[PDB]
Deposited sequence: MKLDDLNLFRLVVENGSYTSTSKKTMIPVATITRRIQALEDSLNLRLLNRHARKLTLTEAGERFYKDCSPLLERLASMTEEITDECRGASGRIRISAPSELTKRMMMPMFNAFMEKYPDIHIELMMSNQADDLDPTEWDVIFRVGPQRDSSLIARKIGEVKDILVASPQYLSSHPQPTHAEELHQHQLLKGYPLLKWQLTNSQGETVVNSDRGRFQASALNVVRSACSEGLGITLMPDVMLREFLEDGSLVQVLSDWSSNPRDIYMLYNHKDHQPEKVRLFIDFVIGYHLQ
(Lines of atoms letter the chains of each structure in order from A and count residues from 1; the text may use other names and numbers.)
(Lines give C-alpha, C1' and ligand atoms only; values in the text may rest on other atoms or scores of the structure.)
Protein backbone atom coordinates (compact mmCIF):
# COMPACT_ATOMS: atom_id res chain seq x y z
CA UNK A 1 0.00 0.00 0.00
CA UNK A 2 2.34 0.26 -1.66
CA UNK A 3 4.11 -3.03 -0.94
CA UNK A 4 7.44 -1.89 -2.39
CA UNK A 5 7.45 1.31 -0.34
CA UNK A 6 6.75 -0.85 2.69
CA UNK A 7 9.59 -3.17 1.69
CA UNK A 8 11.90 -0.21 1.13
CA UNK A 9 10.90 0.83 4.64
CA UNK A 10 12.10 -2.56 5.86
CA UNK A 11 15.46 -2.06 4.15
CA UNK A 12 15.94 1.37 5.71
CA UNK A 13 15.30 -0.11 9.16
CA UNK A 14 17.87 -2.87 8.66
CA UNK A 15 20.67 -0.61 7.38
CA UNK A 16 20.14 2.09 10.00
CA UNK A 17 19.92 5.16 7.78
CA UNK A 18 19.11 6.50 4.32
CA UNK A 19 22.74 6.76 3.19
CA UNK A 20 23.57 3.27 4.46
CA UNK A 21 20.54 1.91 2.60
CA UNK A 22 21.55 3.80 -0.54
CA UNK A 23 25.02 2.27 -0.43
CA UNK A 24 23.75 -1.29 0.07
CA UNK A 25 20.76 -1.22 -2.29
CA UNK A 26 22.38 1.13 -4.80
CA UNK A 27 19.19 3.19 -4.77
CA UNK A 28 19.59 7.00 -4.72
CA UNK A 29 18.84 8.64 -1.36
CA UNK A 30 16.45 11.03 -3.13
CA UNK A 31 14.38 8.04 -4.26
CA UNK A 32 14.34 6.45 -0.81
CA UNK A 33 13.37 9.76 0.79
CA UNK A 34 10.55 10.25 -1.70
CA UNK A 35 9.09 6.74 -1.43
CA UNK A 36 9.21 6.66 2.38
CA UNK A 37 7.46 10.03 2.46
CA UNK A 38 4.84 8.81 -0.01
CA UNK A 39 4.22 5.78 2.20
CA UNK A 40 3.82 7.91 5.32
CA UNK A 41 1.58 10.29 3.37
CA UNK A 42 -0.64 7.40 2.30
CA UNK A 43 -0.87 6.07 5.85
CA UNK A 44 -1.17 9.48 7.50
CA UNK A 45 1.39 8.00 9.89
CA UNK A 46 5.03 8.82 10.57
CA UNK A 47 6.92 5.52 10.59
CA UNK A 48 10.42 6.89 11.20
CA UNK A 49 11.90 9.57 13.44
CA UNK A 50 14.58 11.28 11.40
CA UNK A 51 16.62 13.46 13.77
CA UNK A 52 20.22 12.23 13.50
CA UNK A 53 22.20 10.33 14.10
CA UNK A 54 20.05 7.32 14.97
CA UNK A 55 16.90 6.64 12.99
CA UNK A 56 14.09 5.39 15.22
CA UNK A 57 10.74 3.72 14.60
CA UNK A 58 7.53 5.35 15.77
CA UNK A 59 4.84 3.21 17.40
CA UNK A 60 3.38 2.59 13.95
CA UNK A 61 6.87 1.99 12.60
CA UNK A 62 7.50 -0.77 15.11
CA UNK A 63 4.10 -2.32 14.43
CA UNK A 64 4.62 -2.51 10.66
CA UNK A 65 8.24 -3.67 10.80
CA UNK A 66 7.56 -6.31 13.45
CA UNK A 67 4.57 -7.90 11.72
CA UNK A 68 5.37 -7.32 8.05
CA UNK A 69 9.14 -7.86 7.84
CA UNK A 70 8.99 -11.67 8.24
CA UNK A 71 6.61 -11.98 5.27
CA UNK A 72 8.46 -9.42 3.16
CA UNK A 73 11.65 -11.40 3.79
CA UNK A 74 10.08 -14.75 2.88
CA UNK A 75 8.78 -13.10 -0.30
CA UNK A 76 12.12 -11.69 -1.44
CA UNK A 77 13.60 -15.06 -0.47
CA UNK A 78 11.03 -17.09 -2.40
CA UNK A 79 11.35 -14.92 -5.50
CA UNK A 80 15.14 -15.24 -5.59
CA UNK A 81 14.64 -18.99 -5.25
CA UNK A 82 12.65 -18.96 -8.49
CA UNK A 83 14.82 -16.55 -10.47
CA UNK A 84 17.92 -18.52 -9.45
CA UNK A 85 16.55 -21.61 -11.20
CA UNK A 86 15.22 -19.83 -14.29
CA UNK A 87 17.55 -18.62 -17.07
CA UNK A 88 19.87 -17.03 -17.95
CA UNK A 89 22.73 -15.13 -19.57
CA UNK A 90 21.30 -11.87 -18.21
CA UNK A 91 20.77 -10.08 -14.90
CA UNK A 92 22.79 -8.36 -12.19
CA UNK A 93 25.51 -9.88 -10.01
CA UNK A 94 25.98 -8.50 -6.50
CA UNK A 95 29.63 -8.56 -5.45
CA UNK A 96 31.41 -7.79 -2.19
CA UNK A 97 35.12 -6.95 -2.33
CA UNK A 98 37.70 -5.46 0.06
CA UNK A 99 38.03 -1.69 -0.41
CA UNK A 100 41.75 -2.05 -1.11
CA UNK A 101 43.36 -4.02 -3.95
CA UNK A 102 40.08 -4.20 -5.88
CA UNK A 103 41.09 -1.21 -8.00
CA UNK A 104 44.42 -2.63 -9.18
CA UNK A 105 43.59 -6.35 -9.08
CA UNK A 106 39.86 -6.94 -9.54
CA UNK A 107 38.68 -4.18 -11.90
CA UNK A 108 40.75 -5.34 -14.89
CA UNK A 109 39.07 -8.73 -14.47
CA UNK A 110 35.61 -7.29 -13.80
CA UNK A 111 35.89 -4.97 -16.80
CA UNK A 112 36.85 -7.97 -18.94
CA UNK A 113 33.80 -9.90 -17.72
CA UNK A 114 31.38 -7.09 -18.58
CA UNK A 115 32.89 -6.93 -22.07
CA UNK A 116 32.33 -10.65 -22.59
CA UNK A 117 28.86 -10.37 -21.06
CA UNK A 118 27.24 -6.99 -21.91
CA UNK A 119 23.84 -8.16 -20.62
CA UNK A 120 25.19 -9.01 -17.17
CA UNK A 121 25.30 -6.06 -14.79
CA UNK A 122 27.44 -5.66 -11.67
CA UNK A 123 26.76 -4.03 -8.32
CA UNK A 124 30.12 -3.77 -6.57
CA UNK A 125 30.03 -3.25 -2.80
CA UNK A 126 33.41 -2.46 -1.25
CA UNK A 127 33.88 -2.47 2.53
CA UNK A 128 37.15 -2.81 4.44
CA UNK A 129 37.25 -6.08 6.39
CA UNK A 130 33.46 -6.23 5.95
CA UNK A 131 33.36 -8.86 8.73
CA UNK A 132 28.16 -9.28 6.68
CA UNK A 133 26.17 -12.43 5.89
CA UNK A 134 27.09 -14.34 2.69
CA UNK A 135 23.49 -14.84 1.52
CA UNK A 136 22.93 -11.21 0.52
CA UNK A 137 25.74 -11.73 -1.98
CA UNK A 138 26.35 -13.63 -5.21
CA UNK A 139 30.14 -13.62 -4.89
CA UNK A 140 32.54 -12.64 -2.10
CA UNK A 141 36.19 -11.60 -2.29
CA UNK A 142 38.31 -11.81 0.86
CA UNK A 143 42.00 -11.41 1.69
CA UNK A 144 44.17 -13.44 4.07
CA UNK A 145 43.25 -16.52 6.15
CA UNK A 146 39.57 -17.42 6.54
CA UNK A 147 37.35 -19.74 8.60
CA UNK A 148 34.07 -21.53 7.90
CA UNK A 149 32.17 -19.96 6.34
CA UNK A 150 32.06 -23.41 4.73
CA UNK A 151 31.16 -21.42 1.62
CA UNK A 152 32.76 -22.55 -1.62
CA UNK A 153 36.26 -21.08 -1.50
CA UNK A 154 38.92 -20.82 -4.21
CA UNK A 155 42.34 -19.20 -4.03
CA UNK A 156 42.62 -16.93 -7.07
CA UNK A 157 45.94 -15.37 -6.07
CA UNK A 158 47.99 -13.83 -3.27
CA UNK A 159 49.53 -10.50 -2.27
CA UNK A 160 53.08 -9.93 -1.01
CA UNK A 161 53.62 -7.00 1.35
CA UNK A 162 57.03 -5.31 1.47
CA UNK A 163 58.68 -2.46 3.39
CA UNK A 164 59.62 0.68 1.48
CA UNK A 165 60.94 4.21 1.95
CA UNK A 166 61.88 7.17 -0.24
CA UNK A 167 65.59 7.91 -0.79
CA UNK A 168 65.00 11.36 0.72
CA UNK A 169 63.99 9.80 4.04
CA UNK A 170 66.76 7.20 3.96
CA UNK A 171 69.48 9.81 3.42
CA UNK A 172 68.17 11.48 6.57
CA UNK A 173 67.55 8.29 8.55
CA UNK A 174 70.01 5.45 7.80
CA UNK A 175 67.91 2.38 6.95
CA UNK A 176 67.41 -0.32 9.64
CA UNK A 177 69.02 -3.76 9.35
CA UNK A 178 66.83 -5.35 12.00
CA UNK A 179 63.03 -5.13 12.15
CA UNK A 180 63.30 -4.29 15.85
CA UNK A 181 64.97 -1.01 14.90
CA UNK A 182 61.66 0.14 13.38
CA UNK A 183 60.78 1.63 16.76
CA UNK A 184 63.50 4.21 16.09
CA UNK A 185 61.98 5.16 12.74
CA UNK A 186 59.02 7.16 11.47
CA UNK A 187 56.48 4.52 10.44
CA UNK A 188 53.50 4.95 8.11
CA UNK A 189 50.69 2.43 8.53
CA UNK A 190 47.50 1.91 6.55
CA UNK A 191 44.65 -0.55 7.04
CA UNK A 192 44.67 -3.47 7.13
CA UNK A 193 48.47 -3.50 7.50
CA UNK A 194 48.69 -1.85 10.92
CA UNK A 195 50.20 -4.82 12.74
CA UNK A 196 53.50 -5.70 11.06
CA UNK A 197 54.66 -9.30 11.46
CA UNK A 198 58.10 -9.85 9.94
CA UNK A 199 60.32 -12.93 9.90
CA UNK A 200 63.96 -13.02 8.79
CA UNK A 201 66.40 -15.71 7.58
CA UNK A 202 67.13 -17.00 11.08
CA UNK A 203 63.46 -17.71 11.77
CA UNK A 204 63.18 -14.67 14.02
CA UNK A 205 59.81 -12.91 14.15
CA UNK A 206 59.28 -9.34 15.30
CA UNK A 207 55.84 -7.76 15.57
CA UNK A 208 55.49 -3.98 15.31
CA UNK A 209 52.32 -2.55 16.83
CA UNK A 210 53.30 1.12 16.91
CA UNK A 211 50.53 3.54 15.95
CA UNK A 212 52.98 5.28 13.62
CA UNK A 213 53.65 8.86 12.60
CA UNK A 214 50.78 8.38 10.17
CA UNK A 215 47.89 5.92 10.42
CA UNK A 216 45.19 5.74 7.76
CA UNK A 217 42.18 3.54 7.01
CA UNK A 218 43.44 3.12 3.45
CA UNK A 219 46.85 2.34 1.95
CA UNK A 220 46.92 4.77 -0.98
CA UNK A 221 47.28 7.87 1.21
CA UNK A 222 49.99 6.11 3.22
CA UNK A 223 51.81 5.27 0.00
CA UNK A 224 51.67 8.97 -0.84
CA UNK A 225 53.11 10.02 2.52
CA UNK A 226 55.92 7.54 1.96
CA UNK A 227 56.82 9.06 -1.41
CA UNK A 228 57.03 12.43 0.34
CA UNK A 229 59.66 10.87 2.59
CA UNK A 230 57.72 10.80 5.84
CA UNK A 231 58.87 7.32 6.82
CA UNK A 232 58.71 3.56 6.26
CA UNK A 233 55.53 1.69 5.36
CA UNK A 234 54.33 -1.85 4.65
CA UNK A 235 52.57 -2.13 1.31
CA UNK A 236 51.45 -4.76 -1.24
CA UNK A 237 54.23 -5.00 -3.83
CA UNK A 238 51.59 -4.72 -6.56
CA UNK A 239 51.04 -1.09 -5.53
CA UNK A 240 54.77 -0.39 -5.62
CA UNK A 241 55.86 -1.53 -9.09
CA UNK A 242 55.74 1.96 -10.62
CA UNK A 243 57.69 3.53 -7.76
CA UNK A 244 60.27 0.78 -7.39
CA UNK A 245 60.66 1.05 -11.16
CA UNK A 246 61.49 4.77 -11.12
CA UNK A 247 63.30 4.50 -7.78
CA UNK A 248 61.22 7.09 -5.94
CA UNK A 249 60.60 4.28 -3.46
CA UNK A 250 63.14 1.65 -2.42
CA UNK A 251 62.70 -1.58 -0.46
CA UNK A 252 64.18 -1.92 3.03
CA UNK A 253 64.74 -4.87 5.36
CA UNK A 254 64.68 -7.42 2.53
CA UNK A 255 65.75 -10.28 4.80
CA UNK A 256 62.52 -9.63 6.70
CA UNK A 257 59.54 -11.27 5.02
CA UNK A 258 55.85 -10.65 5.65
CA UNK A 259 53.68 -13.71 5.05
CA UNK A 260 51.87 -13.49 1.68
CA UNK A 261 48.11 -12.97 1.98
CA UNK A 262 45.91 -15.23 -0.14
CA UNK A 263 43.12 -13.80 -2.28
CA UNK A 264 39.87 -15.77 -2.09
CA UNK A 265 36.69 -15.93 -4.13
CA UNK A 266 33.83 -17.11 -1.93
CA UNK A 267 30.28 -18.02 -2.90
CA UNK A 268 27.21 -19.70 -1.40
CA UNK A 269 26.19 -23.34 -1.73
CA UNK A 270 23.08 -23.49 -3.90
CA UNK A 271 22.91 -26.57 -6.13
CA UNK A 272 20.87 -24.08 -8.16
CA UNK A 273 23.25 -21.31 -9.22
CA UNK A 274 21.84 -18.75 -11.68
CA UNK A 275 23.59 -18.78 -15.06
CA UNK A 276 24.78 -15.23 -14.38
CA UNK A 277 26.71 -16.39 -11.30
CA UNK A 278 27.99 -19.60 -12.87
CA UNK A 279 29.31 -17.62 -15.84
CA UNK A 280 31.08 -15.21 -13.49
CA UNK A 281 32.74 -17.83 -11.28
CA UNK A 282 34.13 -19.82 -14.21
CA UNK A 283 35.35 -16.60 -15.84
CA UNK A 284 37.33 -15.57 -12.77
CA UNK A 285 38.92 -19.02 -12.67
CA UNK A 286 40.12 -18.97 -16.28
CA UNK A 287 41.36 -15.42 -15.78
CA UNK A 288 45.00 -14.87 -14.82
CA UNK A 289 45.86 -12.80 -11.73
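In this chain, the deposited residues that lack C-alpha positions fall in the ranges 132, 291.
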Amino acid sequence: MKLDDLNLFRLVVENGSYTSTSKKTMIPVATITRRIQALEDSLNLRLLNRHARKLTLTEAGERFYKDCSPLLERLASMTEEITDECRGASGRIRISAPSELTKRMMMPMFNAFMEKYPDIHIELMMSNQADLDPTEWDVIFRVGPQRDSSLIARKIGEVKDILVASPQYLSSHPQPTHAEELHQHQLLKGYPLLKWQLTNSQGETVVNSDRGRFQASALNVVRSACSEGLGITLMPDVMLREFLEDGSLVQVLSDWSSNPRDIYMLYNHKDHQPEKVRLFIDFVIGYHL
From here on, numbers count along this sequence of modelled residues.
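Of the two segments, 9-17 and 262-270, the one listed with the higher mean B-factor is 262-270 (C-alpha atoms only).
Comparing 147-155 with 208-216, the higher mean C-alpha B-factor in the PDB entry belongs to 147-155. Note on 88, 192, 118, 108: the highest value goes to 88, judged by CA B factor as recorded. In the PDB entry, residue 96 places in the lowest third of its chain by CA B-factor. Looking at the C-alpha B-factors along this chain, the one for residue 228 belongs to the lowest third. Looking at the C-alpha B-factors along this chain, the one for residue 34 belongs to the lowest third.
Among the modelled residues of the chain, residue 199 sits in the lowest third by CA temperature factor in this PDB entry. Sorting the modelled residues of the chain by their CA temperature factor places residue 165 in the lowest third.
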